[PDB]
$ cat data.cif   # mmCIF, C-alpha atoms
data_start
#
loop_
_atom_site.label_atom_id
_atom_site.label_comp_id
_atom_site.auth_asym_id
_atom_site.auth_seq_id
_atom_site.Cartn_x
_atom_site.Cartn_y
_atom_site.Cartn_z
CA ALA A 1 0.00 0.00 0.00
CA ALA A 2 0.96 3.54 -0.51
CA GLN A 3 -0.19 6.44 1.57
CA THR A 4 0.48 9.63 -0.32
CA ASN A 5 1.43 12.86 1.34
CA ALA A 6 2.26 10.99 4.44
CA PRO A 7 3.91 12.54 7.46
CA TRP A 8 7.59 12.58 6.60
CA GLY A 9 8.38 10.04 9.35
CA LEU A 10 6.17 7.44 7.83
CA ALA A 11 7.59 8.08 4.42
CA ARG A 12 11.10 7.85 5.89
CA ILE A 13 10.53 4.55 7.53
CA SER A 14 9.63 2.96 4.29
CA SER A 15 12.39 4.62 2.30
CA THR A 16 16.07 4.16 1.53
CA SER A 17 16.29 7.92 1.10
CA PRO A 18 15.02 11.02 2.87
CA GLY A 19 12.84 13.59 1.16
CA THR A 20 10.01 11.40 -0.10
CA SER A 21 6.36 11.79 1.03
CA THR A 22 4.77 8.50 0.36
CA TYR A 23 4.50 5.79 3.04
CA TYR A 24 4.67 2.29 1.67
CA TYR A 25 3.69 -0.67 3.72
CA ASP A 26 2.21 -4.07 3.48
CA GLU A 27 -1.55 -3.68 3.85
CA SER A 28 -1.61 -6.17 6.76
CA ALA A 29 -0.55 -3.06 8.62
CA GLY A 30 0.03 -4.72 11.95
CA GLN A 31 -3.40 -6.39 12.05
CA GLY A 32 -3.45 -8.94 14.85
CA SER A 33 -0.74 -7.18 16.84
CA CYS A 34 -1.21 -4.98 19.91
CA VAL A 35 0.70 -1.94 20.96
CA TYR A 36 0.50 -0.59 24.43
CA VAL A 37 1.13 3.06 24.65
CA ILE A 38 2.38 3.75 28.12
CA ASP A 39 2.10 7.48 28.38
CA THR A 40 -0.58 10.05 29.22
CA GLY A 41 -3.43 8.00 27.82
CA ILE A 42 -5.09 7.87 24.46
CA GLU A 43 -8.14 9.70 23.26
CA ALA A 44 -9.61 6.56 21.91
CA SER A 45 -12.55 8.47 20.52
CA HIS A 46 -10.26 10.19 17.92
CA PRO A 47 -11.63 9.17 14.55
CA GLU A 48 -8.03 8.48 13.48
CA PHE A 49 -8.07 5.38 15.68
CA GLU A 50 -11.12 3.89 14.06
CA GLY A 51 -12.16 2.09 17.25
CA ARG A 52 -8.89 0.26 17.47
CA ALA A 53 -7.78 2.31 20.48
CA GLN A 54 -8.88 1.84 23.98
CA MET A 55 -7.75 2.74 27.45
CA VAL A 56 -6.99 -0.33 29.51
CA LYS A 57 -5.49 1.22 32.62
CA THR A 58 -4.97 4.43 34.44
CA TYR A 59 -3.33 5.39 37.72
CA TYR A 60 -5.14 8.69 38.02
CA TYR A 61 -8.68 9.86 38.54
CA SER A 62 -9.34 9.58 34.77
CA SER A 63 -8.07 7.45 31.96
CA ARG A 64 -8.61 10.42 29.61
CA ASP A 65 -5.59 11.91 27.96
CA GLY A 66 -5.71 15.48 29.08
CA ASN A 67 -2.22 16.10 27.79
CA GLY A 68 -2.17 14.86 24.21
CA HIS A 69 1.21 13.23 24.19
CA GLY A 70 -0.10 9.70 24.57
CA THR A 71 -2.66 10.38 21.99
CA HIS A 72 0.01 11.69 19.69
CA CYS A 73 2.21 8.74 20.19
CA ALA A 74 -0.65 6.24 19.83
CA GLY A 75 -1.32 8.06 16.60
CA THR A 76 2.16 7.44 15.34
CA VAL A 77 1.89 3.84 16.24
CA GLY A 78 -1.36 3.12 14.71
CA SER A 79 -3.64 5.92 13.59
CA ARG A 80 -5.03 5.52 10.15
CA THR A 81 -3.28 8.66 8.79
CA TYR A 82 -0.36 9.23 11.03
CA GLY A 83 0.40 5.66 12.07
CA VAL A 84 2.96 3.07 11.12
CA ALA A 85 0.78 0.10 11.88
CA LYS A 86 -2.57 1.22 10.66
CA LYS A 87 -4.46 -1.91 11.77
CA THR A 88 -2.87 -2.60 15.09
CA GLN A 89 -4.80 -2.52 18.39
CA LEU A 90 -3.71 0.25 20.66
CA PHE A 91 -3.98 -0.10 24.39
CA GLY A 92 -3.56 2.92 26.58
CA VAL A 93 -1.86 2.75 29.91
CA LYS A 94 -1.94 6.16 31.52
CA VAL A 95 1.11 6.25 33.73
CA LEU A 96 1.57 9.91 33.23
CA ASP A 97 -0.69 12.59 34.56
CA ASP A 98 -2.07 15.27 32.33
CA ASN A 99 1.08 17.39 32.98
CA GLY A 100 3.12 14.56 31.44
CA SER A 101 4.63 13.52 34.78
CA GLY A 102 4.48 10.26 36.61
CA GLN A 103 6.26 8.80 39.60
CA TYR A 104 8.63 5.95 38.74
CA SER A 105 6.63 3.61 40.87
CA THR A 106 3.54 4.30 38.73
CA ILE A 107 5.52 3.87 35.59
CA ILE A 108 6.93 0.60 36.94
CA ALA A 109 3.44 -0.53 37.84
CA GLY A 110 2.30 0.34 34.32
CA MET A 111 5.01 -1.76 32.82
CA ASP A 112 4.22 -4.77 34.99
CA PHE A 113 0.59 -4.18 34.15
CA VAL A 114 1.31 -4.57 30.50
CA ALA A 115 3.32 -7.67 31.06
CA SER A 116 0.26 -9.23 32.65
CA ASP A 117 -2.48 -7.52 30.73
CA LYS A 118 -1.37 -8.86 27.36
CA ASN A 119 -2.69 -12.19 28.60
CA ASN A 120 -6.11 -10.55 28.64
CA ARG A 121 -5.80 -9.39 25.01
CA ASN A 122 -5.98 -10.87 21.63
CA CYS A 123 -2.62 -10.24 20.09
CA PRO A 124 -1.81 -13.33 18.01
CA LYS A 125 0.84 -11.48 16.07
CA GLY A 126 2.53 -10.16 19.13
CA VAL A 127 2.65 -7.36 21.56
CA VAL A 128 4.60 -4.17 21.62
CA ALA A 129 4.99 -1.48 24.26
CA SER A 130 5.79 2.09 23.37
CA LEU A 131 7.28 4.12 26.25
CA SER A 132 7.79 7.67 25.21
CA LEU A 133 8.88 8.69 28.67
CA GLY A 134 12.14 9.03 30.42
CA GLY A 135 13.74 10.08 33.60
CA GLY A 136 17.08 9.83 35.17
CA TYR A 137 18.60 6.47 35.66
CA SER A 138 16.67 4.06 37.84
CA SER A 139 17.62 0.46 38.15
CA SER A 140 14.04 -0.34 39.15
CA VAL A 141 12.62 1.45 36.09
CA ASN A 142 15.16 -0.44 33.96
CA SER A 143 14.32 -3.74 35.58
CA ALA A 144 10.59 -3.14 34.97
CA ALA A 145 11.30 -2.49 31.34
CA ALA A 146 13.44 -5.58 31.26
CA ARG A 147 10.60 -7.61 32.79
CA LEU A 148 8.22 -6.27 30.31
CA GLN A 149 10.54 -7.28 27.49
CA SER A 150 11.20 -10.64 29.10
CA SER A 151 7.44 -11.20 29.27
CA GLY A 152 7.47 -11.23 25.46
CA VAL A 153 6.58 -7.63 24.78
CA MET A 154 8.65 -5.70 22.29
CA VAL A 155 9.53 -2.71 24.43
CA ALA A 156 10.55 0.40 22.56
CA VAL A 157 11.71 3.29 24.70
CA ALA A 158 12.74 6.85 24.03
CA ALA A 159 16.43 7.57 24.33
CA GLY A 160 15.58 10.94 25.87
CA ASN A 161 15.81 14.51 24.71
CA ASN A 162 18.76 15.71 26.72
CA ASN A 163 21.32 15.64 23.88
CA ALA A 164 23.24 13.36 26.18
CA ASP A 165 24.39 9.87 26.52
CA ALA A 166 21.29 7.83 27.27
CA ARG A 167 23.24 5.72 29.80
CA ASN A 168 22.01 8.13 32.44
CA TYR A 169 18.35 7.80 31.66
CA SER A 170 15.72 5.22 32.34
CA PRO A 171 14.26 3.14 30.77
CA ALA A 172 16.55 4.26 27.97
CA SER A 173 19.60 2.61 29.53
CA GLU A 174 18.01 -0.75 29.96
CA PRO A 175 19.94 -2.88 27.48
CA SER A 176 17.27 -5.51 26.82
CA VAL A 177 14.70 -3.04 25.42
CA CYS A 178 14.84 -1.00 22.19
CA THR A 179 16.23 2.41 22.86
CA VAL A 180 15.18 4.81 20.22
CA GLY A 181 16.95 7.96 19.14
CA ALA A 182 15.38 10.71 17.09
CA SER A 183 16.24 11.86 13.56
CA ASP A 184 14.89 14.77 11.51
CA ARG A 185 13.64 14.79 7.97
CA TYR A 186 17.07 15.64 6.58
CA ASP A 187 18.52 12.51 8.24
CA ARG A 188 20.23 14.43 10.97
CA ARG A 189 20.22 13.25 14.50
CA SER A 190 17.60 15.47 16.11
CA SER A 191 19.37 18.14 18.04
CA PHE A 192 17.82 16.99 21.32
CA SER A 193 18.23 13.28 20.75
CA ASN A 194 20.18 11.33 23.29
CA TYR A 195 22.82 9.05 21.98
CA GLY A 196 25.34 6.55 23.24
CA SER A 197 26.01 2.92 23.01
CA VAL A 198 22.71 1.94 24.57
CA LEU A 199 20.85 3.32 21.54
CA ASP A 200 19.57 0.61 19.30
CA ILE A 201 17.91 2.51 16.54
CA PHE A 202 16.78 5.87 15.35
CA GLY A 203 13.40 6.84 14.18
CA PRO A 204 11.79 9.99 12.96
CA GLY A 205 11.58 12.41 15.88
CA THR A 206 11.64 15.99 14.74
CA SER A 207 8.34 17.57 13.63
CA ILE A 208 6.17 14.53 13.80
CA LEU A 209 2.65 15.08 12.78
CA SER A 210 0.15 12.89 14.60
CA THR A 211 -3.17 12.81 16.43
CA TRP A 212 -3.85 15.07 19.36
CA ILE A 213 -6.53 15.48 21.90
CA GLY A 214 -9.76 17.22 21.04
CA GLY A 215 -9.96 15.18 17.87
CA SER A 216 -7.16 17.28 16.37
CA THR A 217 -3.61 16.88 15.12
CA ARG A 218 -0.26 18.40 15.79
CA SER A 219 3.41 18.22 15.08
CA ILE A 220 5.86 17.87 17.92
CA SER A 221 9.39 16.75 18.40
CA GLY A 222 11.13 14.30 20.67
CA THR A 223 12.61 10.88 20.94
CA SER A 224 9.28 10.31 22.49
CA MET A 225 7.96 10.69 18.97
CA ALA A 226 10.50 8.43 17.40
CA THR A 227 9.69 5.63 19.81
CA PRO A 228 6.21 5.02 18.48
CA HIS A 229 7.55 4.81 14.98
CA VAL A 230 9.69 1.91 16.12
CA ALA A 231 6.91 0.38 18.15
CA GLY A 232 4.60 0.65 15.25
CA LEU A 233 7.27 -0.75 13.04
CA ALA A 234 7.78 -3.68 15.39
CA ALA A 235 4.06 -4.39 15.45
CA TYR A 236 4.04 -4.16 11.67
CA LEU A 237 6.99 -6.54 11.39
CA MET A 238 5.58 -8.98 13.87
CA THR A 239 2.32 -9.11 11.96
CA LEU A 240 4.27 -9.93 8.85
CA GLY A 241 6.02 -12.77 10.74
CA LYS A 242 9.39 -11.17 10.10
CA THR A 243 10.31 -11.14 13.73
CA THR A 244 9.10 -11.66 17.28
CA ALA A 245 8.99 -9.55 20.38
CA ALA A 246 12.22 -10.92 21.65
CA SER A 247 14.13 -10.28 18.46
CA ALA A 248 12.30 -7.30 17.00
CA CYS A 249 14.82 -4.72 18.19
CA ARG A 250 17.66 -6.68 16.73
CA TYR A 251 15.71 -7.36 13.54
CA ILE A 252 14.95 -3.64 13.10
CA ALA A 253 18.58 -2.78 13.71
CA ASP A 254 19.66 -5.47 11.25
CA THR A 255 17.31 -4.20 8.59
CA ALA A 256 17.73 -0.50 9.27
CA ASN A 257 19.08 2.06 6.92
CA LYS A 258 22.72 2.17 7.84
CA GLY A 259 25.08 5.07 7.88
CA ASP A 260 22.50 7.53 6.62
CA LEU A 261 22.22 9.82 9.61
CA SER A 262 24.54 12.68 10.18
CA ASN A 263 25.70 14.08 13.56
CA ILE A 264 25.63 10.73 15.14
CA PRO A 265 28.33 10.66 17.73
CA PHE A 266 31.07 8.12 17.46
CA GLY A 267 30.00 5.02 19.45
CA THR A 268 26.35 5.50 18.64
CA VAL A 269 24.64 3.30 16.09
CA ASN A 270 23.95 4.85 12.73
CA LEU A 271 20.74 3.01 12.12
CA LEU A 272 17.43 4.39 10.98
CA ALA A 273 14.33 2.31 11.28
CA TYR A 274 13.23 0.95 8.00
CA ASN A 275 10.37 -1.28 7.04
CA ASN A 276 12.15 -2.76 4.08
CA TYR A 277 8.86 -2.86 2.26
CA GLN A 278 9.14 -3.53 -1.43
CA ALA A 279 5.92 -2.53 -3.21
#
$ encode --input "data.cif" --output "structure tokens"
Amino acid sequence: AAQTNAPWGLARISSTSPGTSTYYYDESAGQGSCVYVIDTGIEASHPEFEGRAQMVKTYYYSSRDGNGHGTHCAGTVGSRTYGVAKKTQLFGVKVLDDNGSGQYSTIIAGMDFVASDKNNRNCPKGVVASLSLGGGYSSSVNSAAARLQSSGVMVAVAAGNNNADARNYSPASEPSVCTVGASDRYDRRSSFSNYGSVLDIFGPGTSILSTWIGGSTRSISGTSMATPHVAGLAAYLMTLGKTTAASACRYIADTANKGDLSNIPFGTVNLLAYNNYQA
């Protein structure tokens, strides 16, 4: 399939070169996969989700996304227009309050929740978790992410937006999960993107157009925004049978566009997520 005039990120993930606008993807589009978006929630009522989004868990008075970020990232994963995996099931876990903040314990609980909750869900093609959040290093945050991964969830996490080595951030620094840097549409490391040896992959992260609360759309920037591209990609790949949750990060890195990004520090992988779809 070909989505014309797609957000540049989507186009980029299905391209060997930057500067194209069409997203190409196998129509299966992640059908039969599930992606948990562990974030501020998801406005499931957004027509862009087509009833494939729902909130499964909140740690706050409401499960509504009163921030937008989770909605935005869910959109990148799987909205019909702005999403990588346009037929995936999105599950919202609101670990972040409407200011975008959450205690690590909540976040940890959220991650453990997903690890269990997937057993309540129909996800024959596999399960992904998209964590577009980040704080300073925490071994317990890392270990939660590692449990989640170990449970058989493909965990994609944001490297962080500190223009620093992601070793000092969590869950970014957890080696077993997929730590995602951000690139811009000219194939530059995003100026805010964290880097370092813990990075597994880059995705589109600067100026990412996706769904927003109030039934709207907006463009924002962050490794937070790259993460869902990789999560969506994993869900897409898993649906195609190309990989599994345990190996998805490695598979994406193996099949990434190599050496295409500029301003990647020495020691950091030069790998841009790529669907390898051949139309």
$ resolve_selection --input "data.cif" --expression "the PyMOL selection byres ((chain A and resi 77) around 12)" --output "count of residues only"
60
$ closest_residue --input "data.cif" --among "A:205, A:198, A:143, A:184" --to "residue A:168" --atoms "all atoms listed in the file"
A:198
$ residues_near_point --input "data.cif" --point "(10.0, 3.8, 30.7)" --cutoff "8 Å" --atoms "all atoms listed in the file" --output "PyMOL selection string"
chain A and resi 107-108+111+131-135+141-142+145+157-158+170-172
$ atom_distance --input "data.cif" --atom1 "atom CA of residue A:127" --atom2 "atom CA of residue A:241"
12.6 Å
$ atom_distance --input "data.cif" --atom1 "atom CA of residue A:105" --atom2 "atom CA of residue A:220"
27.0 Å
$ resolve_selection --input "data.cif" --expression "the PyMOL selection byres ((chain A and resi 57) around 8)" --output "MDAnalysis selection string"
chainID A and resid 55:56 58:59 63 92:94
$ closest_residue --input "data.cif" --among "A:200, A:260, A:39, A:98" --to "residue A:173" --atoms "only C-alpha atoms"
A:200
$ resolve_selection --input "data.cif" --expression "the PyMOL selection byres ((chain A and resi 248-257) around 8)" --output "ChimeraX atom specification"
/A:16,154,156,177-178,200-201,234,237-238,243-247,258-260,271-276
$ build_atoms --input "data.cif" --residues "stretch 212-246 of chain A" --atoms "N, CA and C atoms" --output "short mmCIF file (atom, residue, chain, number, x, y, z; two decimals), in the coordinates of the input"
data_model
loop_
_atom_site.label_atom_id
_atom_site.label_comp_id
_atom_site.auth_asym_id
_atom_site.auth_seq_id
_atom_site.Cartn_x
_atom_site.Cartn_y
_atom_site.Cartn_z
N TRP A 212 -3.96 14.29 18.13
CA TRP A 212 -3.85 15.07 19.36
C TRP A 212 -5.18 15.07 20.00
N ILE A 213 -5.27 15.54 21.22
CA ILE A 213 -6.53 15.48 21.90
C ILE A 213 -7.48 16.53 21.32
N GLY A 214 -8.75 16.38 21.65
CA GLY A 214 -9.76 17.22 21.04
C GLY A 214 -10.02 16.83 19.62
N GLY A 215 -9.74 15.58 19.25
CA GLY A 215 -9.96 15.18 17.87
C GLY A 215 -9.07 15.89 16.85
N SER A 216 -7.95 16.43 17.26
CA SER A 216 -7.16 17.28 16.37
C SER A 216 -5.85 16.61 16.03
N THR A 217 -4.90 17.40 15.53
CA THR A 217 -3.61 16.88 15.12
C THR A 217 -2.60 17.89 15.54
N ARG A 218 -1.36 17.44 15.80
CA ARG A 218 -0.26 18.40 15.79
C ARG A 218 1.08 17.75 15.61
N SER A 219 2.05 18.61 15.31
CA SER A 219 3.41 18.22 15.08
C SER A 219 4.24 18.56 16.29
N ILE A 220 4.95 17.59 16.82
CA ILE A 220 5.86 17.87 17.92
C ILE A 220 7.07 17.05 17.73
N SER A 221 8.05 17.25 18.59
CA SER A 221 9.39 16.75 18.40
C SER A 221 9.84 16.10 19.68
N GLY A 222 10.56 14.99 19.55
CA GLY A 222 11.13 14.30 20.67
C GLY A 222 11.51 12.90 20.32
N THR A 223 12.38 12.29 21.11
CA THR A 223 12.61 10.88 20.94
C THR A 223 11.38 10.09 21.37
N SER A 224 10.63 10.71 22.25
CA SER A 224 9.28 10.31 22.49
C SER A 224 8.46 10.05 21.22
N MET A 225 8.67 10.86 20.21
CA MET A 225 7.96 10.69 18.97
C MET A 225 8.56 9.70 18.06
N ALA A 226 9.86 9.52 18.15
CA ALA A 226 10.50 8.43 17.40
C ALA A 226 10.11 7.04 17.89
N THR A 227 10.04 6.89 19.19
CA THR A 227 9.69 5.63 19.81
C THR A 227 8.49 4.96 19.21
N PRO A 228 7.37 5.70 19.03
CA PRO A 228 6.21 5.02 18.48
C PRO A 228 6.41 4.60 17.05
N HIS A 229 7.33 5.22 16.33
CA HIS A 229 7.55 4.81 14.98
C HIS A 229 8.17 3.43 15.03
N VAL A 230 9.07 3.21 15.98
CA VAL A 230 9.69 1.91 16.12
C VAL A 230 8.76 0.87 16.67
N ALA A 231 7.92 1.27 17.63
CA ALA A 231 6.91 0.38 18.15
C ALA A 231 5.95 0.01 17.06
N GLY A 232 5.46 0.98 16.33
CA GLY A 232 4.60 0.65 15.25
C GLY A 232 5.26 -0.25 14.25
N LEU A 233 6.52 0.06 13.95
CA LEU A 233 7.27 -0.75 13.04
C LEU A 233 7.38 -2.16 13.59
N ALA A 234 7.68 -2.33 14.85
CA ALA A 234 7.78 -3.68 15.39
C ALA A 234 6.48 -4.46 15.25
N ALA A 235 5.37 -3.80 15.59
CA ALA A 235 4.06 -4.39 15.45
C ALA A 235 3.78 -4.77 14.01
N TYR A 236 4.11 -3.88 13.09
CA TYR A 236 4.04 -4.16 11.67
C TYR A 236 4.84 -5.37 11.26
N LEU A 237 6.09 -5.41 11.69
CA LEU A 237 6.99 -6.54 11.39
C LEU A 237 6.58 -7.87 11.97
N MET A 238 6.00 -7.79 13.14
CA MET A 238 5.58 -8.98 13.87
C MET A 238 4.39 -9.55 13.14
N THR A 239 3.44 -8.69 12.77
CA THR A 239 2.32 -9.11 11.96
C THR A 239 2.76 -9.77 10.66
N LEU A 240 3.82 -9.28 10.05
CA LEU A 240 4.27 -9.93 8.85
C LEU A 240 5.01 -11.24 9.11
N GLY A 241 5.26 -11.57 10.37
CA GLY A 241 6.02 -12.77 10.74
C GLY A 241 7.49 -12.61 10.58
N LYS A 242 7.98 -11.38 10.45
CA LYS A 242 9.39 -11.17 10.10
C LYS A 242 10.26 -11.29 11.31
N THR A 243 9.64 -11.06 12.47
CA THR A 243 10.31 -11.14 13.73
C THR A 243 9.29 -11.39 14.86
N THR A 244 9.84 -11.52 16.05
CA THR A 244 9.10 -11.66 17.28
C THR A 244 9.47 -10.55 18.23
N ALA A 245 8.79 -10.53 19.36
CA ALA A 245 8.99 -9.55 20.38
C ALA A 245 10.38 -9.61 20.89
N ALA A 246 10.90 -10.82 21.06
CA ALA A 246 12.22 -10.92 21.65
C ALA A 246 13.33 -10.42 20.72
#
